[PDB]
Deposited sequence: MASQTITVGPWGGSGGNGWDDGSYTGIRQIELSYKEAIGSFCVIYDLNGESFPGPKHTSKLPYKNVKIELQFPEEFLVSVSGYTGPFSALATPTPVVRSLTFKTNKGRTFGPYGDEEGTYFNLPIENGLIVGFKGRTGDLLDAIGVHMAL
C-alpha cells in the first residue's frame, strides 16, 4: 500500500508512451508481434494461482504473432535478452529462455546494441516499457 519491487532497465529509448503493468505473482504466457522490430507486447500474468491479462500494448503494424506458453509454476523465465522514422532507440529484437531449457526467440531483427538479463535467483513478476506503434523500451520487475 503501495508495495514496491526491484525494477531493472529500461532497455530502449525515450518514446513514445510510457507504461508500467505493475507487479504480480508470475508469468503464465507472453504474446508479441515481430518482423523488423518488436511491435506488440502483452502479458497474461499469474495472480495468486489465476490468469490475469495485463494492459494491452498493441502495435497495428502487419507483424507475425507469437505465443509463449509456460508450464506455470514448474517453468519460468531465467533470461530476457534482445537488441536496442525517428533516430530514437527502439526494441529491435527479443529472446526469452526458461529453467526447463526452452528457448523462445530470437524475434525481430538482431541489430544495434544488445542487452542481456540472466536471472540466477528470483522471478520476473511484471513488465514496464514504452509503446508508440511499436515497442520502444522494455524493463522488468523482480521479486523472490
{"item": "Where the deposited sequence has no C-alpha coordinates (positions from 1, in order)", "value": "85-90"}
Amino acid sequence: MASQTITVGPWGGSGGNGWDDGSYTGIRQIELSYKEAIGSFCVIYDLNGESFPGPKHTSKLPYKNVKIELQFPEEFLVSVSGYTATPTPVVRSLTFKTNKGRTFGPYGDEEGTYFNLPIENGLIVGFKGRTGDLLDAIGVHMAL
From here on, numbers count along this sequence of modelled residues.
query: Mean temperature factor over C-alpha atoms, higher-scoring stretch between 48-56 and 104-112; finding: 104-112
query: 132-140 versus 17-25 - which carries the larger mean C-alpha B factor in the record; finding: 132-140
query: Maximum C-alpha temperature factor, selected from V43, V66, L117, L77; finding: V66
